[PDB]
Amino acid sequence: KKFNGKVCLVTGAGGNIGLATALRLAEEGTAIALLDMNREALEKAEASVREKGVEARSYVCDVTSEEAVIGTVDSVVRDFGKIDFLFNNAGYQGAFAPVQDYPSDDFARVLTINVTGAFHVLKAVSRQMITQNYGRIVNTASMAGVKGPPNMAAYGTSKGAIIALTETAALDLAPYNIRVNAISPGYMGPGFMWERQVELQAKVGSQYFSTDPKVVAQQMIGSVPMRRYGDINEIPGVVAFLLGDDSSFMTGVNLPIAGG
């Protein structure tokens, strides 16, 4: 059971992928600092992680506020003593509309949470890892960043930005024994947020998907070679691999988790 004595700051920890990844890292003996802007979801997640029997604490923090991020990371360093791993995962999906009708205020919001916020967290945590001369970081990008999808102007651009940020961060931090990589999930389901993407692409009425949500879900699944959307639980193991020693000579890489 590796990761014993390791500490991981998970952002967006109250959400689907963040909670699922925290549990896996915990099951592995990792101590977890949960960070999310959503208090209710945060505490519900903290409870599920505590059972795993590892040390764990929560921090309500809006990553777009750098002052709140810096204070929170400092409280984390104070509460756990160090931050070995970072799963820089908080994010917002954005509206769905073709570019000519894309809500402009929403576009800046997507960039601010997904890029600037992810950067606030990476910067503050990286300074700490530098003092430790050790650290492994995984940034959550997306297949939308690998190839811009229809009606997702903002999100796609935010995730493509994350992929480049990951490469630049990998180069800057390499000298301090820190590695930085990214994961790019494709269609993940079910539950919800899969339903959001299905309903909202359907509502657009572009040539890319039907306006019938049941039909859209089939077109999306139908595009995956494995012919299923992925289960949220198929992501934590990729994260763990990128944080652990088997990826020791890997940095600056982006792993599609998309069924082909």
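Numbering starts at 1 and follows the sequence shown.
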query = Comparing 55 to 63 with 192 to 200, which stretch shows the greater average C-alpha B-factor in the deposited entry?
reply = 192 to 200
message = Per the record, averaged over C-alpha atoms, which has the higher B-factor: 148 to 156 or 100 to 108?
response = 100 to 108
query = At the C-alpha atoms, which of 68, 221, 49, 235 reaches the highest B-factor in this entry?
reply = 49
task = Among the candidates 77, 162, 180, 90, give the one with the maximum CA B-factor reported in the record.
result = 77
ask   = residue 168: which third of its chain by C-alpha temperature factor?
value = lowest
note = Of the three thirds of Cα B-factor ranks in this chain, residue 239 occupies the lowest
ask   = What third of the chain, by the recorded C-alpha B-factor, contains residue 176?
value = highest
message = Can you tell me whether residue 134 has a C-alpha B-factor in the lowest, middle or highest third compared with the other modelled residues of the same chain?
response = highest
ask   = If you rank the chain by CA B-factor, which third does residue 8 end up in: lowest, middle or highest?
value = middle
